[PDB]
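Data block below; observations after.
Any read-out appearing in this document is the output of simple, stated calculations on the displayed coordinates, not a laboratory observation. For neighbour counting, all protein chains shown are included, and Cβ atoms are generated from backbone atoms with ideal geometry for every residue, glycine included.
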Amino acid sequence: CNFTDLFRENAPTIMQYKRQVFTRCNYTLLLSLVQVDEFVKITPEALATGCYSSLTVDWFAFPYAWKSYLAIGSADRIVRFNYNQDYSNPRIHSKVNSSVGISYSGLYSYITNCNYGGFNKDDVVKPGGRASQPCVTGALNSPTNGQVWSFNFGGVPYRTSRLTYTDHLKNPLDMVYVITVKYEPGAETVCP
Amino acid sequence: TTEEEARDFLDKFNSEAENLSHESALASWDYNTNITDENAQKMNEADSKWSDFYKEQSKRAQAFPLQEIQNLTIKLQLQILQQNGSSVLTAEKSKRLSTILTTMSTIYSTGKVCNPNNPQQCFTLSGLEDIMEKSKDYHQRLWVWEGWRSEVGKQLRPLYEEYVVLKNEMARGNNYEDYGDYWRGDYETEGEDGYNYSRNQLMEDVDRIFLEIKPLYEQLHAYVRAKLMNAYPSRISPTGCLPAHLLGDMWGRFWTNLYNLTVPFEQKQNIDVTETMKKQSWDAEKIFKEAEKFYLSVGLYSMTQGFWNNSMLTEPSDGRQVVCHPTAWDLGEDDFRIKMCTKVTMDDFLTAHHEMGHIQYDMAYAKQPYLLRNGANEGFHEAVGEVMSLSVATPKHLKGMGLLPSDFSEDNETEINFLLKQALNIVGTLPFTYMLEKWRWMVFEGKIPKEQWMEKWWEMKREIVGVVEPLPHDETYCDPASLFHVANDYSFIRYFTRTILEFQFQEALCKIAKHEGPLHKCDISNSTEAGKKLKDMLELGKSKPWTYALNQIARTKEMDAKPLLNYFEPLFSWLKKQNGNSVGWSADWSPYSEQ
Ligand SMILES: *[C@@H]1O[C@H](CO)[C@@H](O[C@@H]2O[C@H](CO)[C@@H](O[C@@H]3O[C@H](CO[C@H]4O[C@H](CO)[C@@H](O)[C@H](O)[C@@H]4O)[C@@H](O)[C@H](O[C@H]4O[C@H](CO)[C@@H](O)[C@H](O)[C@@H]4O)[C@@H]3O)[C@H](O)[C@H]2NC(C)=O)[C@H](O)[C@H]1NC(C)=O
Ligand SMILES: *[C@@H]1O[C@H](CO)[C@@H](O[C@@H]2O[C@H](CO)[C@@H](O)[C@H](O)[C@H]2NC(C)=O)[C@H](O)[C@H]1NC(C)=O
Ligand SMILES: *[C@@H]1O[C@H](CO)[C@@H](O[C@@H]2O[C@H](CO)[C@@H](O)[C@H](O)[C@H]2NC(C)=O)[C@H](O)[C@H]1NC(C)=O
Ligand SMILES: *[C@@H]1O[C@H](CO)[C@@H](O[C@@H]2O[C@H](CO)[C@@H](O)[C@H](O)[C@H]2NC(C)=O)[C@H](O)[C@H]1NC(C)=O
Ligand SMILES: *[C@@H]1O[C@H](CO)[C@@H](O)[C@H](O)[C@H]1NC(C)=O
Ligand SMILES: *[C@@H]1O[C@H](CO)[C@@H](O)[C@H](O)[C@H]1NC(C)=O
Ligand SMILES: *[C@@H]1O[C@H](CO)[C@@H](O)[C@H](O)[C@H]1NC(C)=O
Ligand SMILES: *[C@@H]1O[C@H](CO)[C@@H](O)[C@H](O)[C@H]1NC(C)=O
């Protein structure tokens, strides 16, 4: 299993977060390479070993101090218009040394509001699903000051707003890696 | 060739007017749903563009005299444009009149009344209205009512006096006898055969309606008095008028807040569907979609795709501020919208249909020339919406929508509570509207000396509605101007008209629907014949006299109170049993005369 891309130079934003699915490959080292600050259904030691049908990991930049509302039970904008973590198939907070190519260039932002139609229906993210492109496009064209702007996509009117977290820049940075393991029997293709 | 040139003129006007109307209407809509200092000025500039256009076109319209033109369609559109309005006055009088209008409006809007027994406490009008519709304390109610009249009435009287003279001179400049006559002209129509209605005829039919509704009001008055007399013991005579400050309304227009004191059967519960909607997990979307089906079941028009995508139907969660108050919009270019902040409540289930009803009418006359894109009369616009509202409220509809138990039925006690609650909004409001409109008309006409304006106002109120003020006003007071629609340039007859038309239309649609029963049980849906007949009238707009438009539904030429009396027929009979010989009132009674 090749995890180079998890600690590679191009650290993603959440609005456009990245993920990689591993299958039919051989996967401790990932945790040695970065500095872990915290560990949060499956025990991380149970996750660390054993054979899985499939292993899927997503990652994005995110302040450690903001972890309070990244968890289940949160109804924050950082959950509904940002990243809705799935829990159906049984989260490491870490920082990355500047000695590791981690460029962290550009601006890091998130969506705060995204709705549409005459009923102002919230275009909320499905678990394991990214923000809708209409939401992504409106956010890209947003003033970044939090002001809500009007957009029209496919004839449907949208209201969208964007804010940043690009002020939280320390040499180690703050990143979150979420590993989900599918333990369905009969496959078992991802082993240590 | 005057008519031919006039036609080309009007087609050019109508085309540009639609484009300018769209820009203004859109800027206004966007502002109301997105309050920002950037949208503020934007809307006005758009409004000015239309205004500058309308006046240039007015001058052009006057080049096509109505005497030479024979085609009535052309004459009506030109007649609308061929009006000088304030541009008959000198610059000083025109500017002075505008200044007075702004000042009178401001005095009302920013008015407040302070507590005479405790200077620390003081309420703005919004707080004073809240007291009038809720408080049962005779004392609190009295100082807020009296205070409002003293605080604004004595500042507006002088302005209104000068305002009257200026409005009359303006009307003379526009070839009317006075400003009352100018307003009467809104009901005047030109046509052949029996489709001809005069300005003076309006007064005569209004008096006729008053007398026809009068006996229902007299029965309601005696009943209400008998109950308020116990609520406020030793304050009201067994026979006599009601105290103005105890009517549940700062201006004494509606008696609806008295329902809890005057309820026919205290032991009976009313119908409230709010609980059912919550149990059934309704949304705002469900309320509006059902509103569309109601009208499709009547047989009118569907909603457009633009309606569903662009209208602001609920309050946003975005952070932007919006204006909440139910309004039907027409932005032109077949762009129809409804603006409201819908909640899952039984009241909004009726309001959504009401606003939807306005759109149904607006769509119907969309095929008319720009200038004629209105209701036949302002009373029709509102009356049609109200008829549809009653049809939805009727329990048969609620059962059809699955909002009531199948084992639910109404008894003859429930029907009485329903009708009286309606009477407090419909019947008790009529002689008020009539009294106030007639008084102003005499003021503008010049039948009452300035020093007698106040005396005539209260003498009429005692004889027409049976309402009395507990502490006498020397004369400096101008109580009528304490009301929004008197301080501002608004007419009230439309409300008198709206109510009578509502019933004429409801009854006529019921017989088409073949409802063999009471009008309060009659619904209009699932009767496509009634739908089609209503379609034909709504489509007309101002291309025809309102007497024609009325005939198309009710088969009559004039206003008729009989349908109203019919609707409340079983209420009237019950009130007789309750009132006995107490029916009517003594206009010689007044709290001040007690000691
Ligand atoms: C509530 O009301 C406010 C006030 O009107 C609205 O604010 C406006 O929103 C529109 C978008 O709907 C903004 O238009 C965009 O402006 C961008 C430039 O921004 C800079 O320059 C302007 C001055 O012109 C500054 O005010 C601003 O602060 C920035 O410095 C353009 O780049 C955008 O271009 C896009 O559309 C054009 C269409 O022709 C395309 O060709 C482009 O490729 C691109 O897609 C656009 O023109 C407008 O500037 C905002 N006004 C102000 C004062 O900020 C809110 O949107 C409204 N909210 C809601 C929900 O209705
Ligand atoms: C608007 O006012 C103008 C005057 O400013 C009216 O035009 C005058 O009408 C009288 C009566 O027919 C003529 O004797 C004058 O010669 C006209 N003056 C001008 C400059 O044309 C005009 O008729 C009024 N329009 C309306 C609708 O009242
Ligand atoms: C008439 O009495 C009813 C109660 O039967 C009042 O309804 C209540 O109004 C308050 C708001 O002031 C609500 O919080 C309550 O929940 C309502 N109660 C019920 C059972 O719905 C009604 O307001 C009274 N009418 C007037 C004019 O005061
Ligand atoms: C409502 O309907 C009931 C039932 O018909 C009426 O009560 C009846 O009145 C007659 C005439 O006095 C009596 O002979 C019956 O015995 C009564 N029945 C019952 C169950 O009491 C009632 O009077 C009607 N109310 C109104 C206002 O019309
Ligand atoms: C990061 O750098 C510090 C300072 O030299 C070092 O002590 C730490 O072990 C390094 N951590 C990782 C994961 O390389
Ligand atoms: C909104 O309008 C578009 C046309 O621009 C139409 O395709 C779409 O179905 C409409 N959506 C709704 C909910 O009416
Ligand atoms: C009046 O003008 C309309 C067009 O606006 C036309 O259809 C109608 O036939 C004309 N009537 C007469 C009598 O010329
Ligand atoms: C109209 O007819 C339908 C059946 O097509 C019925 O479900 C609905 O309840 C009826 N409407 C009313 C008000 O009864």
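Defining a contact as two alpha carbons under 8 Å apart and six or more residues distant in sequence, what relative contact order in percent does the range A:107-167 show?
On the way: 105 pairs, mean separation 27.9, N = 61.
Dividing the mean separation by the residue count of the range A:107-167 yields 46 percent.
If you add up the charges near A:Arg159, with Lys and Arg at +1 and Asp and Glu at -1, over every other residue whose beta carbon is less than 11 angstrom from its beta carbon, what do you get?
Working: positive: A:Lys121, B:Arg320; negative: A:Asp122, A:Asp123, B:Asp318.
Result for the neighbourhood of A:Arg159: -1.
For the range A:24-50 and the range B:23-48, what is the separation of their C-alpha centers, rounded to whole Å?
57
How many partner chain Cβ atoms sit within 10 Å of a residue's Cβ in peptide A:114-126, on average, as a whole number?
Counting other chains' Cβ atoms within 10 Å and averaging over A:114-126 gives 4.
State, as an integer percentage, the relative contact order of the range B:272-403 based on alpha-carbon contacts under 8 Å between residues 6 or more apart. List each step's numbers first, then the result.
Details: 145 pairs, mean separation 33.1, N = 132.
It comes to 25 percent, rounded to a whole number.
Please give, to one decimal in nm, the separation of the simple spin-label points placed at B:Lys12 and A:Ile42, each 7 Å out from Cα toward the Cβ.
7.8
Under a straight-distance cross-link criterion of Cα-Cα below 16 Å, which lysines are reachable from B:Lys343, leaving out those fewer than 8 residues away in the same chain?
Leaving aside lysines fewer than 8 places away in the same chain, those within reach of B:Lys343 are A:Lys121, B:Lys278, B:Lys279, B:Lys286, B:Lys289.
Shielding of A:155-161 by partners, i.e. mean partner chain Cβ atoms within 10 Å per residue? Can you show the working numbers first?
Working: counts 4, 3, 2, 0, 6, 1, 3.
Mean number of neighbouring Cβ atoms from other chains: 3.
Gap in Å between the Cα centre of the range B:154-226 and the Cα centre of the range B:489-523?
21
State which entries of B:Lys542/B:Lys562; B:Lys136/B:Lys447; A:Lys67/A:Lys126 exceed 29 angstrom in Cα-Cα distance in the structure shown.
Details: B:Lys542/B:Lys562 26 Å; B:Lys136/B:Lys447 39 Å; A:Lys67/A:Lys126 20 Å.
The pairs that break the limit, which is 29 Å between Cα atoms, are B:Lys136/B:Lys447.
Which residue, chosen from B:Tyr138, B:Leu97, B:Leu565, occupies the Cα position most advanced towards the positive end of the dipole of chain B, where the dipole is computed from +1 (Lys, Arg) and -1 (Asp, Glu) charges on Cβ about the Cα centre?
The residue sitting most towards the positive pole is B:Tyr138.
Place the peptides A:67-79, B:348-360, B:524-536 in order of packing, highest mean first, counting for every residue the other Cβ atoms within 10 Å and averaging per peptide. Working shown, then result.
On the way: A:67-79: 13.8, B:348-360: 23.2, B:524-536: 18.9.
The densest-packed peptide leads the list: B:348-360, B:524-536, A:67-79.
Under a Cβ-Cβ limit of 4.7 Å, which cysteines in chain B have nobody to pair with?
B:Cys241, B:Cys478
Provide a whole-number value for the mean count of partner chain Cβ atoms within 10 Å of the Cβ atoms in peptide B:313-319. The partial results should precede the final answer.
On the way: counts 4, 4, 1, 6, 5, 10, 7.
If you average over the peptide's residues, the count of other-chain Cβ atoms is 5.
Return a whole-number percent for the relative contact order of chain B, with Cα pairs under 8 Å and 6 or more residues apart as the contact set. If you can, show how the numbers build up before the last one.
Values: 830 pairs, mean separation 121.7, N = 595.
Rounded, it is 20 percent for chain B.
Indicate the gyration tensor shape class of the range A:107-167 (rounded, prolate or oblate), computed on the Cα atoms with a ≥ b ≥ c the square roots of the eigenvalues: a/c under 1.5 is rounded; otherwise a/b larger than b/c is prolate and the rest oblate.
Working: a/c = 2.00, a/b = 1.33, b/c = 1.51.
Taking the square roots of the gyration eigenvalues as a ≥ b ≥ c, the range A:107-167 is oblate.
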